[PDB]
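One chain follows as structure tokens, the form solved without nitrilotriacetic acid.
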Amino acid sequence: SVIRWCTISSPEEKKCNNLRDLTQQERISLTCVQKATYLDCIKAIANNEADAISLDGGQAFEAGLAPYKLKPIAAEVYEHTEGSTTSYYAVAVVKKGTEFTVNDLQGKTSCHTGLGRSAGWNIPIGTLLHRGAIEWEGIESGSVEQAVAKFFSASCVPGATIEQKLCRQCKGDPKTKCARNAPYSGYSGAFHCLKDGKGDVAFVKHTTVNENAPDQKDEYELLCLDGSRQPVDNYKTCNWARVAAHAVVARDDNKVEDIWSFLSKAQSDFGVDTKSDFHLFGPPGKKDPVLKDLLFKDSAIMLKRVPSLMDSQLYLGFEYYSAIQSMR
């Protein structure tokens, strides 16, 4: 019996084969299918051409719509003060000194993890809109990118389609610079994007600074929704939202057990406590954003199985869910 994972980048593939390689000796075994975009994975998965992929809540949302109707099989666990939780916080990071508040955000540059991802988009944009900041009336008259491209001087937003302003700060080969897996894509990419000065703001996770710049953590602060700017380590108070962990998405069939089995074991032999050269998660550390969050976030510490009961909606929450919807 084999599970076929869908990978979305070469390096992600490798890590994948890696684990398949040192796993081929079990009841359930791996195999890596590499697609172009997560969409194609979602699709293959539904077509029986694959069986799993771990997605950001923004994509989990997507993966749940019809025709797919994929379910969140397992969700990532993250360090909490209280040991652990299945959620993370969305924060907007900023360099220390550059005075400026949430309100003074117009005509700025900004870096985002990618189009429609929780932290780098859904939360921030919808927030900005829910605040009278961004002018958006609706789908049937104006796109969202457009309202976005109208608010910021320019941006980096991997996945962007409708506006070159949004692809303005993306560093890399122009062919692929705004690719969904571009060098400036992902939590860490959006950080570099900030690091490198290509944007005045980064929309990332509460772990973001530590994982790329624990050394120069002092060099950054957080933009709070109230007006303040707090210290990188104050995400709790200075946050824009608390979102659901990324989840592993799979067809609603009988296989969901083979997958959980596979994951349960693998995580057993290669967790944060593994003693192997091979790590399922991370580990976290200043590395090249390109090699980050492969398969799973570098910041995941465990996997917690999801109750069969939950679909995408129940998983995300009626609130977040409506919020995402209302944006498309």
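All residue numbers refer to positions in the sequence shown, first residue = 1.
Beyond the structure shown, there is the form solved in complex with nitrilotriacetic acid, which is absent from this document and is the topic of what follows.
- This form has no room for nitrilotriacetic acid: after superposition of the C-alphas round the site, using its pose in the deposited complex, 3 or more of its atoms sit within 2.4 Å of a backbone or C-beta atom.
- A heavy atom within 4.5 Å of nitrilotriacetic acid in the deposited complex is found for exactly one of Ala119, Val249, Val148, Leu194: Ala119.
- Comparing 92 to 100, 109 to 117, 173 to 181, 225 to 233 against nitrilotriacetic acid in the deposited complex, the single stretch with non-hydrogen atoms within 4.5 angstroms of it is 109 to 117.
- Residues from 73 to 107 that approach nitrilotriacetic acid in the deposited complex with a non-hydrogen atom within 4.5 Å are limited to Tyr88.
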